[PDB]
Every structure is written in structure tokens, then in C-alpha cells.
Amino acid sequence: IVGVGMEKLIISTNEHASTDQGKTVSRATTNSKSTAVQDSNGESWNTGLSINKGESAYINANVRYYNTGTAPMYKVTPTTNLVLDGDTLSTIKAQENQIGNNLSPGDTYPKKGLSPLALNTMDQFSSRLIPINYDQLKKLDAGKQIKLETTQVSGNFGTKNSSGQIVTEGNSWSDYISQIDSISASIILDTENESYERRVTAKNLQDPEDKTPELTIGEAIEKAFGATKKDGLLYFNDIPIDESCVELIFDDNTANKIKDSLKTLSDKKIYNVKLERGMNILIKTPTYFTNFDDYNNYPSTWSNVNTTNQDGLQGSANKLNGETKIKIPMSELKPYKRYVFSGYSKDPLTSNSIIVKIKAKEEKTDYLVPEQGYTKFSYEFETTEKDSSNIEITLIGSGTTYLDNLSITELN
Amino acid sequence: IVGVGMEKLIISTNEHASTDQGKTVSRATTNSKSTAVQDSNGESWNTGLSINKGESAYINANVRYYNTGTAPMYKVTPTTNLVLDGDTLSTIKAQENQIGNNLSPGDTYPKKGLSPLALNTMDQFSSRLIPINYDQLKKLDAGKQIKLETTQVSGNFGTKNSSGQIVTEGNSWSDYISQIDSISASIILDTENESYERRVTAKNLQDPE
Ligand SMILES: [Ca+2]
């Protein structure tokens with residue numbers, strides 16, 4: 001999975017400015033019928049400027065290639081789009097100057113610690129720069145930006161023979177993109193400072209001749225991301241990626257399919273749903289999360305803690321008649337980003353609702369009525385300038401209610 | 001292990017200069033109701049200067065290639081970056097004018113005692129000079145420096161064919177770079193007068209096979 005990210009853009013205006021300076025000496029005489037003598041001298045200066053409306057300026061872009069798949073790509077030749085407002089200025093296929101020989105998974109071309117490469121030419125033989133129009137130049141000078149979109153990437157793969165001779169010529173990756181994408185379900189894991197994109201084969205139910213094995217979502221996740229099991233829970237390296245401990249974001253079709261297939265399922269767990277073709281699953285590991293059993297990474301400390309019972313999702317409730325409090329030092333938060341606070345609450349015996357207050361950019365209050373089963377609430381907030389007041393949150397509520405798996409995540 | 005080290009850079013200003021010179025003679029006769037006669041002589045001088053803001057100057061680089069590995073590289077073809085402040089001016093791949101046919105370990109192309117090769121073209125056919133902007137040219141005139149960073153190198157290796165000869169076409173190191181780097185550890189030794197880089201294979205304890 002290869003993408004292109006632009007780092008900065010350079011505008012080169014194309015004008016022809018010149019200057020002049022002269023000097024003239026004259027002499028004249030007259031003979032009336034009385035004589036006259038005339039002298040003259042002086043200096044002159046001139047300035048000029050010429051601008052071509054058709055091709056007013058040129059643009060240069062610095063880019064970085066990154067890979068997040070499971071296989072390397074040799075001879076990376078990506079194609080990029082340049083958009084100003086709704087106008088695609090040009091599409092440039094990478095020339096010989098901008099082809100990466102090797103791009104291993106998790107790596108980057110150019111390697112981390114090196115300057116980005118410059119894509120400033122459009123023709124096949126790297127001889128004609130990228131032009132713009134005068135109106136587009138005025139739009140650029142007005143503060144508008146240029147976005148870079150990647151549409152396709154061409155590369156080769158390696159085949160090893162018996163005696164060990166890698167050959168990467170004629171082994172295009174484009175012969176397998178359509179076939180692989182049409183029989184597989186895509187799963188994405190978005191950890192901090194890292195991202196993984198995977199494809200897992202899914203069985204077809206209408207074809208009696210499809211002998212490929214059947215997988216559930218949990219098994220597919222474990223196979224794809226190399227997760228390990230401790231006590232029935234999935235761990236990536238040390239981060240728990242259990243259903244209750246992360247954020248699952250689907251598209252409309254996958255959400256509808258999961259909802260429809262959850263009715264006939266006994267366990268009523270998303271990880272037990274059968275994986276089907278075309279599914280799109282995204283997992284976002286939380287920024288801060290604790291389960292009151294063995295995990296905690298919050299900068300502060302919970303005000304009220306009572307985890308001396310076998311309750312909650314797994315042996316942890318942390319709730320008495322008093323209300324809890326969190327102080328956010330704001331020292332580890334994005335200056336401009338929207339966050340989500342989520343958790344599970346169960347009300348065994350009917351009581352009053354729970355009132356939540358969050359102050360990060362705006363003061364918001366909501367009332368939730370917990371049920372006999374734990375239910376996610378997932379309220380939202382947002383930072384302002386990284387130099388604002390500490391975020392304080394209350395979970396006002398009585399009636400010996402319960403809590404578990406309270407987490408904070410970010411969104412893109 | 002092939003790298004590129006720049007030695008100096010040369011700026012060629014893309015200015016146009018012109019000069020002129022003139023000389024004129026005149027005569028005017030007028031009758032009034034009289035007799036008037038006029039004789040005149042004049043000269044002129046002009047100087048000009050034209051500059052293109054889009055392409056203000058060209059640049060040239062003198063570079064060498066050095067090898068510190070254990071194997072030779074045939075047909076060296078490195079790619080370099082030109083950085084002024086944080087702006088990569090251009091990414092140039094070596095054309096046929098800047099290819100090292102042979103580079104034995106510990107050697108240098110060109111050999112020791114020869115002047116560095118000049119990199120001053122950017123297109124595939126070496127028919128186009130590297131341009132810079134007016135702002136970039138002023139930055140150069142303000143004392144700022146251009147740095148050269150190499151990103152990748154393309155080369156060949158030799159093998160015996162069915163007739164007992166040696167063939168270097170179609171054998172590329174890029175097919176093996178990733179495989180070698182994935183399963184090996186790197187060790188570098190820096191002496192007073194030379195540097196050595198090596199790759200040594202390492203065992204994976206989590207794979208029983
Ligand atoms: Ca728990």
C-alpha cells in the first residue's frame with residue numbers, strides 16, 4: 001500500500017524584467033539673413049517588465065513515498081494529481097528522476113532523515129516544467145493552497161528461483177490489484193505514529209465451489225496483524241485491541257451487514273461475525289485507556305477508585321455514590337483536534353440517569369440512562385490552542401451504577 | 001556501499017547585456033517673409049541589461065563516488081538531491097555522462113589523482129541545464145550554501161554464463177538490497193583514514209524454521 005505525501009510547494013514566477021540608461025550629446029548652429037550656436041546634452045533611464053498570460057509561473061513539489069502493506073515494491077512510479085479549488089491542473093507520472101528503487105514495508109523513499117525529492121517536470125523526458133495560468137497565479141497569491149492526490153502506483157515484485165536469483169522485471173503489481181481487491185476484505189489498524197493496511201481473503205456464500213476457509217472478524221484480525229492472545233484477548237505488541245478496548249469505524253455496507261448478522265448470532269459480539277467480501281473495517285487504538293485491572297496510561301489519577309469486585313466487563317467497576325474527576329494537563333494533546341471520550345456503563349437495578357459535563361472548547365452536558373447491559377456513550381470534545389485551561393470532566397450519577405473501559409481517542 | 005560527495009558548486013548567471021552607439025547629421029533651411037540655414041551633429045550611447053525571473057541562473061556540481069563495501073559495482077547510477085534551505089531544488093539521476101563503469105571496494109570514481117566529474121544536466125539526453133530562481137539566486141548571493149544528499153544508487157554485478165564469460169547486463173543490486181537489509185545487521189568501522197561498512201546475517205529466534 002503506497003501513498004504520496006506533499007511537504008511543500010515552490011512557485012517560480014516567469015517574468016522578463018530589463019533596464020536601460022542612455023546618454024545623448026547634440027550640437028547645432030544657425031545663420032540668419034546674425035549667427036547662432038547650440039549645444040545639448042543629457043541622460044535618460046528606462047525600466048520594463050513583460051509577463052506571459054498563458055504561462056505565468058512554474059510550480060515545484062516535494063513528496064515522500066510511504067508503504068504500509070506486507071510486501072516491498074520495486075521501481076515505484078506513482079501518479080499524482082494537483083488541485084487548486086476544483087480544477088486539476090495536471091497529472092504527472094513519475095519520471096526517471098523520481099522513481100524509488102526499493103520501498104520496504106514501513107519504510108519511506110527517500111529514507112527518514114533525508115530531504116524530500118522534487119517533482120517539477122511533466123513531460124516524458126524531464127524537459128518541460130509544470131506551468132500555471134495567470135488567473136491561477138492570482139488565486140495562489142490570494143492565500144489558496146494546492147493539494148496533492150495520488151491515483152495509482154506502478155511497481156514490480158520479486159520472484160526467487162530454486163538457486164536464489166531474484167528477478168523483478170516484467171512482474172508488474174497491476175496484474176493482481178483487481179483480482180486481490182475483489183475477493184478480499186480490507187482491515188486497517190491505526191496505532192500511534194504508525195498505520196497498517198491489510199487484505200484478508202473472504203469466502204463467497206453464493207458459490208458452492210468456493211472452498212476457501214471461513215473466517216470471523218476476530219480470527220481475520222489476529223491473522224492479519226499478528227496479534228497474540230493472553231486470556232482470550234488480542235494484543236498487538238502490548239496494546240490491547242479487544243473489541244471493547246478500541247474504536248471500530250465501518251462504512252455503511254459493513255455496518256448494515258454487521259447489524260443484520262448480529263441478530264442471529266448468539267454471542268452478540270462483533271468479533272464473532274463472519275467475514276465477507278468487500279468489508280471495510282478500521283480500528284483506532286485509543287490515546288488514553290484504562291480497564292481498572294492491569295492497564296493505565298492517563299497523565300492524572302482517578303479521583304475515586306473502588307475496584308474490589310468482580311464486575312464491569314472484566315473484574316473492574318470503579319463506581320460508588322460519589323462522582324469521579326480527571327485533570328487534563330493539556331501537555332500531551334493536539335492543539336487543533338477533535339477527541340472522543342468513551343466508556344461502558346451498566347445499571348443492574350433501575351435508578352436515575354447519569355449526567356456528564358465536559359469543558360474543552362465548549363461546555364456540553366448530556367444525560368444517559370444506563371441499562372442492564374454495558375453501553376458505549378462516546379461523547380466528543382476538542383482542543384483549542386495547546387495553551388488553554390485544563391480539561392475537566394464529570395460523570396454525575398447515583399444509584400450504585402457501574403463503569404468500565406473508559407478511553408479517549410482522536411479522529412481524523 | 002556507494003555514496004556521493006560534492007566538492008564545489010559553480011553558478012552561471014543568465015543575464016543579457018547589450019550596448020549601442022549612434023551618430024546623426026541634419027540640415028534645415030527656412031525662408032521667412034529671410035534666409036535661415038541650420039547644421040546639426042549628434043551622438044548617443046546606450047546600455048541595457050535583461051534578466052529572466054523564472055530562470056535566473058544555472059548551477060554545476062563537481063562530485064565523486066566512493067565505495068566502502070565488499071563487492072564492486074558496475075555501471076554506477078546514483079541519484080542526488082540539491083537542498084538550499086529546506087527546499088529541494090532538483091532531483092537528478094545520473095545520465096550517460098556521469099556513469100562509473102567500474103568501482104572496486106575502496107576506490108573512487110574518478111580515480112585518485114583526477115578531477116571530479118561535472119553534473120550540470122537534468123534531462124535524460126543531457127540537453128538541459130539545471131535552473132534556479134531569482135529568490136534562490138539572491139539566497140546564494142547572501143552567503144547561503146547548497147548541500148548535496150544522495151538518495152539511492154543503481155548498479156550491476158557480474159556472473160558466469162554458460163560459455164564461461166562474465167555478464168553484467170540484467171543483474172541489478174536493487175533486487176537484493178531489500179532482502180539483504182531485512183535479514184542482516186550492519187556494522188561500521190571508522191579508522192583515521194578510511195571507513196568500512198559491512199552487513200552480517202542475524203538469526204531470528206521467533207522462527208523455529
Ligand atoms: Ca475492566
# chains A, B, ... in the order shown; residues from 1 in each chain; ligands from 1

call {"tool": "closest_atom_pairs", "arguments": {"of": "chain A", "to": "ligand 1", "cutoff": "7 Å", "atoms": "only C-alpha atoms and all ligand atoms", "output": "Markdown table"}}
result
| residue | atom | partner | partner_atom_place_in_ligand_line | distance |
| --- | --- | --- | --- | --- |
| A:291 | CA | ligand 1 | 1 (Ca) | 3.9 |
| A:292 | CA | ligand 1 | 1 (Ca) | 5.5 |
| A:293 | CA | ligand 1 | 1 (Ca) | 5.9 |
| A:312 | CA | ligand 1 | 1 (Ca) | 5.6 |
| A:313 | CA | ligand 1 | 1 (Ca) | 5.0 |
| A:314 | CA | ligand 1 | 1 (Ca) | 4.3 |
| A:315 | CA | ligand 1 | 1 (Ca) | 5.7 |
| A:316 | CA | ligand 1 | 1 (Ca) | 4.6 |
| A:317 | CA | ligand 1 | 1 (Ca) | 6.9 |
| A:404 | CA | ligand 1 | 1 (Ca) | 5.0 |
| A:405 | CA | ligand 1 | 1 (Ca) | 5.5 |

call {"tool": "residues_around", "arguments": {"residues": "residue 369 of chain A", "least_positions_apart": "5", "cutoff": "12 Å", "atoms": "only C-alpha atoms", "output": "MDAnalysis selection string"}}
result
chainID A and resid 344:356 374:377 396:399 401:402

call {"tool": "write_last_selection", "arguments": {"atoms": "N, CA, C and O atoms", "output": "PDB file, in the first residue's frame"}}
result
ATOM      1  N   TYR A 344     -18.062   2.197  29.054  1.00  0.00           N
ATOM      2  CA  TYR A 344     -19.164   1.255  29.198  1.00  0.00           C
ATOM      3  C   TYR A 344     -19.740   1.364  30.601  1.00  0.00           C
ATOM      4  O   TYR A 344     -18.995   1.328  31.586  1.00  0.00           O
ATOM      5  N   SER A 345     -21.062   1.490  30.689  1.00  0.00           N
ATOM      6  CA  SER A 345     -21.762   1.616  31.959  1.00  0.00           C
ATOM      7  C   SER A 345     -22.932   0.647  31.996  1.00  0.00           C
ATOM      8  O   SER A 345     -23.670   0.515  31.015  1.00  0.00           O
ATOM      9  N   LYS A 346     -23.104  -0.023  33.133  1.00  0.00           N
ATOM     10  CA  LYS A 346     -24.194  -0.969  33.323  1.00  0.00           C
ATOM     11  C   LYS A 346     -24.985  -0.597  34.565  1.00  0.00           C
ATOM     12  O   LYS A 346     -24.409  -0.286  35.612  1.00  0.00           O
ATOM     13  N   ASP A 347     -26.309  -0.633  34.443  1.00  0.00           N
ATOM     14  CA  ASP A 347     -27.217  -0.370  35.559  1.00  0.00           C
ATOM     15  C   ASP A 347     -27.998  -1.641  35.866  1.00  0.00           C
ATOM     16  O   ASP A 347     -28.988  -1.944  35.177  1.00  0.00           O
ATOM     17  N   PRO A 348     -27.595  -2.419  36.874  1.00  0.00           N
ATOM     18  CA  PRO A 348     -28.314  -3.665  37.174  1.00  0.00           C
ATOM     19  C   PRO A 348     -29.709  -3.417  37.726  1.00  0.00           C
ATOM     20  O   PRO A 348     -30.680  -4.038  37.285  1.00  0.00           O
ATOM     21  N   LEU A 349     -29.816  -2.508  38.690  1.00  0.00           N
ATOM     22  CA  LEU A 349     -31.088  -2.123  39.280  1.00  0.00           C
ATOM     23  C   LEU A 349     -31.425  -0.696  38.866  1.00  0.00           C
ATOM     24  O   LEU A 349     -30.562   0.187  38.889  1.00  0.00           O
ATOM     25  N   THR A 350     -32.680  -0.483  38.476  1.00  0.00           N
ATOM     26  CA  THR A 350     -33.086   0.796  37.905  1.00  0.00           C
ATOM     27  C   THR A 350     -32.872   1.932  38.899  1.00  0.00           C
ATOM     28  O   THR A 350     -33.234   1.826  40.074  1.00  0.00           O
ATOM     29  N   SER A 351     -32.276   3.018  38.418  1.00  0.00           N
ATOM     30  CA  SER A 351     -32.037   4.210  39.220  1.00  0.00           C
ATOM     31  C   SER A 351     -32.095   5.422  38.296  1.00  0.00           C
ATOM     32  O   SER A 351     -32.569   5.335  37.160  1.00  0.00           O
ATOM     33  N   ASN A 352     -31.610   6.559  38.789  1.00  0.00           N
ATOM     34  CA  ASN A 352     -31.605   7.773  37.989  1.00  0.00           C
ATOM     35  C   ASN A 352     -30.529   7.707  36.906  1.00  0.00           C
ATOM     36  O   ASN A 352     -29.657   6.834  36.904  1.00  0.00           O
ATOM     37  N   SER A 353     -30.606   8.651  35.973  1.00  0.00           N
ATOM     38  CA  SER A 353     -29.692   8.693  34.844  1.00  0.00           C
ATOM     39  C   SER A 353     -28.318   9.193  35.287  1.00  0.00           C
ATOM     40  O   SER A 353     -28.063   9.441  36.469  1.00  0.00           O
ATOM     41  N   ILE A 354     -27.417   9.340  34.320  1.00  0.00           N
ATOM     42  CA  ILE A 354     -26.059   9.816  34.558  1.00  0.00           C
ATOM     43  C   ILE A 354     -25.859  11.100  33.766  1.00  0.00           C
ATOM     44  O   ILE A 354     -26.193  11.160  32.577  1.00  0.00           O
ATOM     45  N   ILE A 355     -25.323  12.122  34.426  1.00  0.00           N
ATOM     46  CA  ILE A 355     -25.098  13.432  33.827  1.00  0.00           C
ATOM     47  C   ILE A 355     -23.602  13.610  33.613  1.00  0.00           C
ATOM     48  O   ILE A 355     -22.805  13.384  34.531  1.00  0.00           O
ATOM     49  N   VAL A 356     -23.223  14.010  32.402  1.00  0.00           N
ATOM     50  CA  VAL A 356     -21.825  14.167  32.018  1.00  0.00           C
ATOM     51  C   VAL A 356     -21.585  15.616  31.619  1.00  0.00           C
ATOM     52  O   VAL A 356     -22.404  16.218  30.915  1.00  0.00           O
ATOM     53  N   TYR A 374     -23.902  -3.258  29.445  1.00  0.00           N
ATOM     54  CA  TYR A 374     -22.988  -2.141  29.242  1.00  0.00           C
ATOM     55  C   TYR A 374     -23.212  -1.517  27.871  1.00  0.00           C
ATOM     56  O   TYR A 374     -23.386  -2.224  26.874  1.00  0.00           O
ATOM     57  N   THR A 375     -23.214  -0.187  27.824  1.00  0.00           N
ATOM     58  CA  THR A 375     -23.484   0.549  26.599  1.00  0.00           C
ATOM     59  C   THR A 375     -22.497   1.696  26.455  1.00  0.00           C
ATOM     60  O   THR A 375     -22.283   2.462  27.401  1.00  0.00           O
ATOM     61  N   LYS A 376     -21.901   1.807  25.272  1.00  0.00           N
ATOM     62  CA  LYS A 376     -20.988   2.901  24.974  1.00  0.00           C
ATOM     63  C   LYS A 376     -21.756   4.205  24.794  1.00  0.00           C
ATOM     64  O   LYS A 376     -22.841   4.227  24.206  1.00  0.00           O
ATOM     65  N   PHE A 377     -21.194   5.301  25.308  1.00  0.00           N
ATOM     66  CA  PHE A 377     -21.794   6.620  25.143  1.00  0.00           C
ATOM     67  C   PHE A 377     -21.027   7.514  24.179  1.00  0.00           C
ATOM     68  O   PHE A 377     -21.636   8.116  23.290  1.00  0.00           O
ATOM     69  N   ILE A 396     -21.541  12.813  36.651  1.00  0.00           N
ATOM     70  CA  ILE A 396     -22.551  12.919  37.702  1.00  0.00           C
ATOM     71  C   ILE A 396     -23.608  11.831  37.556  1.00  0.00           C
ATOM     72  O   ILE A 396     -24.233  11.695  36.500  1.00  0.00           O
ATOM     73  N   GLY A 397     -23.814  11.057  38.618  1.00  0.00           N
ATOM     74  CA  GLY A 397     -24.795   9.989  38.608  1.00  0.00           C
ATOM     75  C   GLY A 397     -24.746   9.136  39.860  1.00  0.00           C
ATOM     76  O   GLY A 397     -23.661   8.816  40.357  1.00  0.00           O
ATOM     77  N   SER A 398     -25.908   8.757  40.376  1.00  0.00           N
ATOM     78  CA  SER A 398     -26.018   7.959  41.590  1.00  0.00           C
ATOM     79  C   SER A 398     -26.824   6.695  41.309  1.00  0.00           C
ATOM     80  O   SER A 398     -27.232   6.426  40.178  1.00  0.00           O
ATOM     81  N   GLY A 399     -27.045   5.911  42.361  1.00  0.00           N
ATOM     82  CA  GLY A 399     -27.796   4.679  42.236  1.00  0.00           C
ATOM     83  C   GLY A 399     -26.911   3.465  42.052  1.00  0.00           C
ATOM     84  O   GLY A 399     -27.280   2.529  41.334  1.00  0.00           O
ATOM     85  N   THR A 401     -24.348   2.730  40.275  1.00  0.00           N
ATOM     86  CA  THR A 401     -24.183   2.334  38.883  1.00  0.00           C
ATOM     87  C   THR A 401     -22.787   1.740  38.693  1.00  0.00           C
ATOM     88  O   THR A 401     -22.063   1.478  39.657  1.00  0.00           O
ATOM     89  N   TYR A 402     -22.388   1.516  37.443  1.00  0.00           N
ATOM     90  CA  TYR A 402     -21.129   0.844  37.155  1.00  0.00           C
ATOM     91  C   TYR A 402     -20.461   1.475  35.942  1.00  0.00           C
ATOM     92  O   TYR A 402     -21.109   2.113  35.109  1.00  0.00           O
TER      93      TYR A 402
END

call {"tool": "closest_residue", "arguments": {"among": "B:19, B:80, B:165, B:201", "to": "residue 181 of chain B", "atoms": "only C-alpha atoms"}}
result
B:201

call {"tool": "residues_around", "arguments": {"residues": "residue 74 of chain B", "least_positions_apart": "5", "cutoff": "6 Å", "atoms": "only C-alpha atoms", "output": "ChimeraX atom specification"}}
result
/B:101-102,155-156

call {"tool": "write_last_selection", "arguments": {"atoms": "N, CA, C and O atoms", "output": "PDB file, in the first residue's frame"}}
result
ATOM      1  N   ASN B 101      31.823   3.174 -14.814  1.00  0.00           N
ATOM      2  CA  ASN B 101      31.809   1.816 -15.344  1.00  0.00           C
ATOM      3  C   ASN B 101      32.287   0.807 -14.308  1.00  0.00           C
ATOM      4  O   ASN B 101      31.737  -0.295 -14.209  1.00  0.00           O
ATOM      5  N   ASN B 102      33.310   1.158 -13.533  1.00  0.00           N
ATOM      6  CA  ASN B 102      33.844   0.261 -12.519  1.00  0.00           C
ATOM      7  C   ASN B 102      34.101   1.028 -11.234  1.00  0.00           C
ATOM      8  O   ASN B 102      34.557   2.173 -11.265  1.00  0.00           O
ATOM      9  N   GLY B 155      23.146  -0.122  -9.711  1.00  0.00           N
ATOM     10  CA  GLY B 155      24.349  -0.729 -10.243  1.00  0.00           C
ATOM     11  C   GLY B 155      24.140  -2.147 -10.727  1.00  0.00           C
ATOM     12  O   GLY B 155      23.004  -2.619 -10.810  1.00  0.00           O
ATOM     13  N   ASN B 156      25.230  -2.837 -11.047  1.00  0.00           N
ATOM     14  CA  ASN B 156      25.176  -4.189 -11.575  1.00  0.00           C
ATOM     15  C   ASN B 156      26.169  -5.072 -10.834  1.00  0.00           C
ATOM     16  O   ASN B 156      26.991  -4.599 -10.046  1.00  0.00           O
TER      17      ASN B 156
END

call {"tool": "residues_around", "arguments": {"residues": "residue 129 of chain A", "least_positions_apart": "3", "cutoff": "9 Å", "atoms": "only C-alpha atoms", "output": "JSON, numbers by chain"}}
result
{"A": [58, 59, 60, 120, 121, 122, 123, 126]}

call {"tool": "write_last_selection", "arguments": {"atoms": "C-alpha atoms", "output": "compact mmCIF listing (two decimals), in the first residue's frame"}}
result
# COMPACT_ATOMS: atom_id res chain seq x y z
CA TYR A 58 6.00 27.28 -12.58
CA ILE A 59 5.35 25.01 -9.60
CA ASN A 60 7.68 22.60 -7.78
CA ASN A 120 9.00 19.79 -11.05
CA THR A 121 8.66 18.37 -14.58
CA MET A 122 5.72 16.99 -16.57
CA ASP A 123 6.92 15.62 -19.91
CA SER A 126 12.12 15.52 -17.99

call {"tool": "closest_residue", "arguments": {"among": "B:6, B:118, B:130, B:76", "to": "chain A", "atoms": "only C-alpha atoms"}}
result
B:130

call {"tool": "decode", "arguments": {"residues": "segment 88-108 of chain B", "atoms": "N, CA and C atoms", "output": "mmCIF file, in the first residue's frame"}}
result
data_model
loop_
_atom_site.group_PDB
_atom_site.id
_atom_site.type_symbol
_atom_site.label_atom_id
_atom_site.label_comp_id
_atom_site.auth_asym_id
_atom_site.auth_seq_id
_atom_site.Cartn_x
_atom_site.Cartn_y
_atom_site.Cartn_z
ATOM 1 N N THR B 88 14.263 21.375 -1.718
ATOM 2 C CA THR B 88 14.996 20.511 -2.632
ATOM 3 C C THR B 88 14.890 21.101 -4.030
ATOM 4 N N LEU B 89 15.983 21.700 -4.504
ATOM 5 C CA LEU B 89 15.953 22.407 -5.780
ATOM 6 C C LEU B 89 15.646 21.460 -6.932
ATOM 7 N N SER B 90 16.289 20.297 -6.952
ATOM 8 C CA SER B 90 16.111 19.366 -8.056
ATOM 9 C C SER B 90 16.627 17.996 -7.648
ATOM 10 N N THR B 91 16.032 16.964 -8.237
ATOM 11 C CA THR B 91 16.469 15.586 -8.066
ATOM 12 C C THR B 91 16.943 15.071 -9.417
ATOM 13 N N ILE B 92 18.245 14.837 -9.543
ATOM 14 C CA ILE B 92 18.863 14.485 -10.815
ATOM 15 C C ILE B 92 19.357 13.049 -10.738
ATOM 16 N N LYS B 93 19.029 12.260 -11.754
ATOM 17 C CA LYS B 93 19.583 10.925 -11.924
ATOM 18 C C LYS B 93 20.729 10.983 -12.925
ATOM 19 N N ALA B 94 21.784 10.219 -12.655
ATOM 20 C CA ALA B 94 22.984 10.278 -13.479
ATOM 21 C C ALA B 94 22.699 9.794 -14.895
ATOM 22 N N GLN B 95 23.095 10.597 -15.881
ATOM 23 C CA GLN B 95 22.955 10.239 -17.283
ATOM 24 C C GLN B 95 24.188 9.457 -17.730
ATOM 25 N N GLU B 96 24.314 9.226 -19.037
ATOM 26 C CA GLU B 96 25.466 8.500 -19.555
ATOM 27 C C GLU B 96 26.771 9.258 -19.349
ATOM 28 N N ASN B 97 26.708 10.571 -19.126
ATOM 29 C CA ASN B 97 27.913 11.354 -18.890
ATOM 30 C C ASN B 97 28.461 11.188 -17.481
ATOM 31 N N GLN B 98 27.661 10.679 -16.547
ATOM 32 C CA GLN B 98 28.056 10.561 -15.149
ATOM 33 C C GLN B 98 27.822 9.148 -14.634
ATOM 34 N N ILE B 99 28.227 8.145 -15.404
ATOM 35 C CA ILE B 99 28.121 6.746 -15.004
ATOM 36 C C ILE B 99 29.523 6.191 -14.813
ATOM 37 N N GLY B 100 29.770 5.611 -13.644
ATOM 38 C CA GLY B 100 31.037 4.964 -13.381
ATOM 39 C C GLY B 100 31.016 3.514 -13.809
ATOM 40 N N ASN B 101 31.823 3.174 -14.814
ATOM 41 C CA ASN B 101 31.809 1.816 -15.344
ATOM 42 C C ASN B 101 32.287 0.807 -14.308
ATOM 43 N N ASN B 102 33.310 1.158 -13.533
ATOM 44 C CA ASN B 102 33.844 0.261 -12.519
ATOM 45 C C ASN B 102 34.101 1.028 -11.234
ATOM 46 N N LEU B 103 33.810 0.385 -10.103
ATOM 47 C CA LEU B 103 34.043 0.987 -8.790
ATOM 48 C C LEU B 103 34.364 -0.147 -7.814
ATOM 49 N N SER B 104 35.648 -0.458 -7.690
ATOM 50 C CA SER B 104 36.093 -1.502 -6.787
ATOM 51 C C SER B 104 36.031 -1.013 -5.346
ATOM 52 N N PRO B 105 35.899 -1.925 -4.384
ATOM 53 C CA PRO B 105 35.831 -1.505 -2.979
ATOM 54 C C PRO B 105 37.078 -0.739 -2.567
ATOM 55 N N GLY B 106 36.866 0.400 -1.916
ATOM 56 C CA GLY B 106 37.951 1.261 -1.507
ATOM 57 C C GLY B 106 38.461 2.204 -2.571
ATOM 58 N N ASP B 107 37.921 2.143 -3.784
ATOM 59 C CA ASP B 107 38.332 3.032 -4.858
ATOM 60 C C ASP B 107 37.426 4.261 -4.889
ATOM 61 N N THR B 108 37.541 5.047 -5.955
ATOM 62 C CA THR B 108 36.773 6.271 -6.117
ATOM 63 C C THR B 108 36.682 6.574 -7.603
#
